[PDB]
Amino acid sequence: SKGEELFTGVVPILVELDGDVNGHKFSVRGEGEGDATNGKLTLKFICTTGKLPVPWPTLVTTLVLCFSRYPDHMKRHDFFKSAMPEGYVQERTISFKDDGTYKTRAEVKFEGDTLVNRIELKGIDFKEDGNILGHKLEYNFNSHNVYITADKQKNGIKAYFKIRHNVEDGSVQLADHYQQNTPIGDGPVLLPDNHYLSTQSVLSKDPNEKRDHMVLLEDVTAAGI
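Numbered by the entry's author numbering, the letters in the sequence shown go through residues 113 to 175, 179 to 340 in order.
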């Protein structure tokens with residue numbers, strides 16, 4: 113589709129998240145760029161509302180898969196790009212083993228030259244001294260496979276994966292991610308065959324930044340076919 117043609121460049125990225133976790137309200141803005149042919153993202157996020165009440169890693173997944184590097188032999192399966200520039204909706208339930216659950220709804224569309232991920236997030240039943248609300252998570256991310264399958268019934272895709280969040284005490288916080296993507300546009304969309312995305316990410320700080328923030332470098336590539 114004409115959609116894929118849009119990511120052959122470095123595209124600029126905007127991310128806006130409004131969030132309420134156990135009554136704690138917060139907002140996050142991120143700006144950066146996405147070189148989709150290499151699957152690379154370089155973004156900086158800020159908590160505009162003050163100190164972010166959950167640890168930054170929990171938001172990484174919620175904080179644009181269109182920028183995944185889909186090998187040539189798999190380009191027929193890049194639903195994400197194919198739904199552009201019309202855009203797509205990304206709902207996700209995130210259950211943290213032995214802790215609360217996140218419900219996210221997001222719109223991922225081009226606005227002008229920029230790709231924008233706008234997100235609402237509610238979080239319920241998080242333990243006050245739990246790994247999340249007790250800021251017990253290490254400031255790092257692991258490597259994951261995002262398992263994608265087509266959803267003929269809703270003309271989109273579903274996806275499941277399990278994030279491993281390292282914990283300060285040497286344990287692991289698990290988070291089962293249940294994900295649904297449906298196109299905003301009525302335009303034709305490449306419902307893909309089963310495959311997965313090998314994700315990798317690095318979390319860092321801008322040493323001059325005084326605001327609560329997170330610098331992110333992700334590298335997402337498709338495989339499985």
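Ideal Cβ placement from N, Cα and C applies to all residues, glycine included.
Practice item. Thinking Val-127 and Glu-145 are a contact (beta carbons under 8 Å), I'd like their distance in whole angstroms, please. Key: Between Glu-145 and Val-127 the Cβ distance is about 12 Å, and since that is not below 8 Å, they are no contact.
Review point. Does the distance from the CB of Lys-242 to the CB of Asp-214 come in under 7 Å?
Key: yes
Practice item. Have a look at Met-189 and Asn-257 and give me their C-alpha separation to the nearest angstrom. Key: Each residue's CA atom was taken as its position, placing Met-189 and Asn-257 some 25 Å apart.
Practice item. Would you tell me roughly how many angstroms separate the C-alpha atoms of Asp-327 and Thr-219, rounded to the nearest one? Key: 21 Å
Check your understanding: Looking at C-alpha atoms only, which residue of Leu-305, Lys-320 and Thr-336 is the closest neighbour of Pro-169?
Key -> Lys-320
**Study point:** Nonlocal neighbours in the same chain, by C-beta distance under 6 Å from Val-317, ignoring five residues either side
**Key:** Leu-332
Point to revise | Assigned secondary structure, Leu-236 (DSSP; H/G/I helix, E/B strand, else coil) | key: strand
Exercise for review: Using only alpha-carbon positions, find the residue among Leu-306, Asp-284, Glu-116 and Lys-325 that is nearest to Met-199.
Suggested key: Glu-116
Check your understanding: Which same chain residues, not among the five before or five after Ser-210, have their C-beta less than 6 Å away from its C-beta?
Key -> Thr-216 and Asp-291
Check your understanding: At a cut-off of 6 Å, is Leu-171 close to the ligand ATP when judged by its beta-carbon and the heavy atoms of the ligand?
Key -> For the structure depicted, the ligand ATP is absent and the ligand set is empty, with no information on it obtainable.
Point to revise | DSSP state of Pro-298 mapped onto helix, strand, coil | key: strand
Review point. For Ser-113, which three-state DSSP category applies?
Key: In the displayed model, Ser-113 falls within coil according to three-state DSSP, outside both helix and strand.
**Study point:** Coarse secondary structure for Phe-157, derived from DSSP in three states
**Key:** Correct three-state label for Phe-157: strand.
Practice item. Ignoring anything shorter than 3 residues or poking outside the segment 198-230, list the beta strand (DSSP E) runs there in chain order. Key: Segments of the beta strand (DSSP E) lying fully in the segment 198-230: 203-211 and 216-226.
Exercise for review: For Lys-137, write down the residues that DSSP places opposite it in a beta bridge.
Suggested key: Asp-132
Review point. Hey, out of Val-261, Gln-205 and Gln-294, whose CA is closest to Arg-279's CA?
Key: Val-261
Check your understanding: Ordered along the chain, which non-local residues of its own chain (more than five positions away) have a Cβ less than 8 Å from that of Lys-212?
Key -> So the list reads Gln-288, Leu-289, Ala-290 and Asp-291, once near-sequence residues are dropped.
Practice item. Using beta-carbon positions only, say whether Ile-299 and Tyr-203 come within less than 7 Å of one another. Key: Inclusion of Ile-299 and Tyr-203 in the CB contact set at 7 Å is warranted, their separation being smaller than that value.
Point to revise | CB of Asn-255 within 7 Å of CB of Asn-232, strictly | key: no
Review point. Distance, Cα to Cα, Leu-236 vs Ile-247?
Key: 15 Å
Point to revise | Host alpha helix (DSSP H) of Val-172 (start-end) | key: 169-172
**Study point:** Straight-line Cα distance separating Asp-334 from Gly-249
**Key:** 29 Å
Check your understanding: DSSP state of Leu-252, grouped into three classes?
Key -> strand
Exercise for review: Would you give the residue range spanned by the beta strand (DSSP E) that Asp-321 belongs to?
Suggested key: Counting along the chain, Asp-321 sits inside no beta strand (DSSP E), nor does DSSP assign it H or E at all.
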